[PDB]
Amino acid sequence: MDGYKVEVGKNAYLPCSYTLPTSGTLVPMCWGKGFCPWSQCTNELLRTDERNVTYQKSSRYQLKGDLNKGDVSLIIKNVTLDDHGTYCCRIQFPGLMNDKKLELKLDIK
C-alpha cells in the first residue's frame, strides 16, 4: 500500500475520491482504522450515506474535501504515535463486490 508520514502534533491528510455524476446521488462511504473488512469498515472514524455524514468518531476526524463533489478525503487532527497504522477508505457502490476499497499506511514521524 502507499504510505504517508506525518509529524507528531500535525494533521494527517489521507486522500480518497470517486467520480460523482452530474446531479448524482452520493455513494455511501466509510473510513476505518484497519484493513478493509468484508463488510463496511472496522474501527469506524467517519461514515456517510446518500445524503451526508452519518457518523463521526470525534471532532479530530473530518472530511477535508467536499463529499458533495465526491472528495471524501480525511483529515486527522493533532496526530500522535497511536494514530499510526493501516487506514481503509471504502466507497460503497451498490451491488455485490462493487465497493471500491482503498488502504493507506500512516506513519508518524
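In this text, residue numbers run from 1 along the sequence as written.
- Stretches 16 to 24 and 87 to 95 differ in mean C-alpha B factor, with the higher average recorded for 16 to 24.
- On average the C-alpha atoms of 61 to 69 have higher B-factors than those of the other stretch, with 28 to 36 and 61 to 69 being the two compared.
- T80: CA B factor in the highest third of modelled residues in this chain (values from the PDB entry).
- Ranked by C-alpha B-factor against the other modelled residues of its chain, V8 falls in the highest third.
- Ranked by Cα temperature factor within the chain, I108 sits in the highest third according to the deposited record.
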